[PDB]
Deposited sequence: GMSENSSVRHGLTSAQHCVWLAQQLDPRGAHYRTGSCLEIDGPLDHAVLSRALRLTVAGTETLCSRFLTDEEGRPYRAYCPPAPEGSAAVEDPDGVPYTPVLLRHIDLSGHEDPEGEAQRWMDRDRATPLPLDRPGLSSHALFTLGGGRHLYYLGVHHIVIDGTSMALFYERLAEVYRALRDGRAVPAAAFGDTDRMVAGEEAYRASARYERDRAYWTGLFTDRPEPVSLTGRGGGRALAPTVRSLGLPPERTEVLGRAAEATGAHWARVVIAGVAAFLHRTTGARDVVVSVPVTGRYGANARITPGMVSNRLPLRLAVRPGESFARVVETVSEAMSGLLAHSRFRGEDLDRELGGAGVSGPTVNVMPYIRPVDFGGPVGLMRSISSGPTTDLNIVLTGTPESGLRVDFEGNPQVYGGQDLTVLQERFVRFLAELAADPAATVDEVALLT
């Protein structure tokens, strides 16, 4: 139904408000891609995309305002497959669906050229009142290799949902190629997920969480302006370099993402001398079965306050992270932006985003591996990891361009990785004694 006014999630309200401060800006454009190791049929994949979008409410939506100016979400189905119509018979715009095909096979540096293309696209503003807030391109790179680019407005798609989209696209593609019925879209309902958030705000737990978070930061100013689209520098680490993180996880008993967060806390402590370190951690903000399967934007960012005292081993820092994360998860439903609103002023540190495992995407032979292009805007620094210690990592340092140049990030990144690796190689060692020239 086209006249129904859908409620925004908390995260979507937050993005909406931020967008109004810079109406024509592109700072909330984000993107990812799949590096695909075998040939795909663009014509079939284009059909697959239309069908994928048609069953993904968030990729069919536009944002409008009531008379008070308050936003709501409106659903705009695409036109039927084959149809060229732009509006339905009642004047409701159809969500356009376009899969660009960019053949770079005869190019000197297909990869580099595709990256420059994605960066140009990420700098393109998408007005929120026009349905279909995404941008798609299939690159042909020669040798039967492809790149699928998914560019979005952050208000419609979070990191979790990117994986949901890629899984669904491939599933649809496989069916179309096999000539099977396309399996039914098994996505959840955004309205129910929003209703869940509303129930939480109305519940006692909200006040408990509020007390908890205000309690922890009643007193600290963030240490290194507006949030801007980052300059992104990316570093590939093969398994030979990353396996050590897995060994550190095994030995400390902590998940490897915690080892990385401990690593960042250690790095900040050594770089700046502060014992009161803060890093921000994204959580998915998805609670319950329906929410876990609803493409959309519900992610939350929460500050992690970590005491790093002199003489401590790296294993002790991992425990500090563990202790702090336990509190954060137990009160995870409280919105980071509401915590900031309460405290006033500017609380945050570098975002440390260790993305969860995503199985390689299967197109029926060809296999797609996901990599981040830009995860979101930043006042300072996002650290984004994709991969696993066993399979290798991609490490992205995403820096506010007023704060960092590309070269600053490369140097920072290289120093951090070498420091993390040596910490991980011996968690018993005192952090302060670990040589970092």
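In this entry, the deposited residues absent from the coordinate set span 1-4, 224, 230-235, 358, 450.
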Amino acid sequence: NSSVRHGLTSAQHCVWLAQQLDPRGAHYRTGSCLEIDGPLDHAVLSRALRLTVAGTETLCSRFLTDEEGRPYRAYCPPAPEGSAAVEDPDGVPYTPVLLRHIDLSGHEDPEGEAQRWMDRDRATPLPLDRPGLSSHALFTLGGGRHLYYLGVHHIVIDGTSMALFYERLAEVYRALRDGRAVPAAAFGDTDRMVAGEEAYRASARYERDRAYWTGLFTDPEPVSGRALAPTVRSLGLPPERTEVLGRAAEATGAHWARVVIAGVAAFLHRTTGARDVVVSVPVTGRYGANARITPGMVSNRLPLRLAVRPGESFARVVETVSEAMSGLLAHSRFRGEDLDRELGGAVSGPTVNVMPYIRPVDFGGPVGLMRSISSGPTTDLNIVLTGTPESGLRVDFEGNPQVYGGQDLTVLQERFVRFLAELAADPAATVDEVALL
From here on, numbers count along this sequence of modelled residues.
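Annotation for 363-371 versus 335-343: the higher mean temperature factor (C-alpha) is found in 335-343. Stretches compared: 32-40, 408-416. Higher mean C-alpha B-factor in the entry: 408-416.
In this entry, the residue among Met193, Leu138, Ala274, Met162 with the greatest C-alpha B factor is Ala274. The residue among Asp66, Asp396, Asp380, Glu57 whose C-alpha atom has the highest B-factor in the PDB entry is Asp66. Remark: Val321 belongs to the middle third of its chain, ranked by C-alpha B-factor as recorded. When the modelled residues of the chain are ordered by their C-alpha B factor, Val403 lands in the highest third. When the CA B factors of the chain's modelled residues are split into thirds, the value for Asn300 lands in the lowest one. Per-chain ranking of the deposited C-alpha B factor places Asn353 in the lowest third. For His107, the recorded CA B-factor ranks within the highest third of the chain. Only modelled residues enter the ranking.
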